[PDB]
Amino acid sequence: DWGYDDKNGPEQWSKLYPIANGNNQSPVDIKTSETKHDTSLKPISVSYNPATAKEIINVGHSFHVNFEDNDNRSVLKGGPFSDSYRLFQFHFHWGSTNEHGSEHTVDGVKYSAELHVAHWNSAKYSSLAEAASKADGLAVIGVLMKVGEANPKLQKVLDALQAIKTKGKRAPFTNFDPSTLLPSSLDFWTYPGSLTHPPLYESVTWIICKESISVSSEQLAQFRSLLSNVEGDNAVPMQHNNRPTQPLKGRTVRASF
């Protein structure tokens, strides 16, 4: 059972998952003086149907908001992609204090949290299960979350957490368009990488937004008040779930701007 504590956490994941030391691991530190602007990168285009929102789940180390993915009602296009990618989930990462919590960093700067909006390649594969291990299978948008003013677009998400306080609880989460959480500008960096926790598949084309979104200190406290234990056990708050940045190993981070 992998986790984020000292015994089962990121520094130990390679014992069970050798790809943790691979050549396309995520997240990374984006050094802006080493990024390569690419004129072939098209703008990011997201078109999400709020009717595809399905369910919110406490998965023990985090929580997930999942989406119906039987058709192309909610898709990501453009950027580095020729294929359409189908939305299936968004979630967050955070840290134990405000000074860190993001997974990606920019010129060494750590933000307080990070939003991940995940999609799978339905042009080429028939299911998330098939796509998840393919090099071109997944596309995740990452948004860095900077501590500051309370973000009202987070409100439905935050209000839902009281119904999924402990591990394994789930509840309907409907009529929600997560493009409302994205920053005003979709200028981005992109690089080939991986899932940021086990099974750590090197299957993700990352889209990291240049512009951050805000989150308040109290909103972050709501994330950290989620419990990793099952109902009835001693409460164990979800204090953090961000992986340290990993070596680029010769990869190039491209810039759309």
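So that there is no doubt, residue numbering starts at 1 and follows the sequence shown.
Per the PDB record, is the mean Cα temperature factor higher over 28-36 or over 188-196? Mean C-alpha B-factor is greater for 28-36.
Do the CA atoms of 78-86 or those of 160-168 have the higher mean B-factor in the entry? Mean CA B-factor is higher for 78-86.
C-alpha B-factor winner, where the candidates are 155, 105, 112, 180: Answer, based on the entry's C-alpha B-factors: 155.
For residue 73, does the deposited CA B-factor place it in the lowest, middle or highest third of the chain? Middle third - that is where residue 73 ends up once the chain's C-alpha B-factors are sorted.
Third of the chain's Cα B-factor distribution that residue 217 belongs to, per the entry: Residue 217: CA B-factor falls in the middle third of its chain.
Lowest, middle or highest third of the chain for the C-alpha temperature factor of residue 46? Highest third - that is where residue 46 ends up once the chain's C-alpha B-factors are sorted.
Comparing residue 123 with the other modelled residues of its chain, is its CA B-factor in the lowest, middle or highest third? Its C-alpha B-factor belongs to the highest third of this chain's values.
Among modelled residues of the same chain, the CA temperature factor third for residue 249: According to the entry, residue 249 has a C-alpha B-factor in the chain's highest third.
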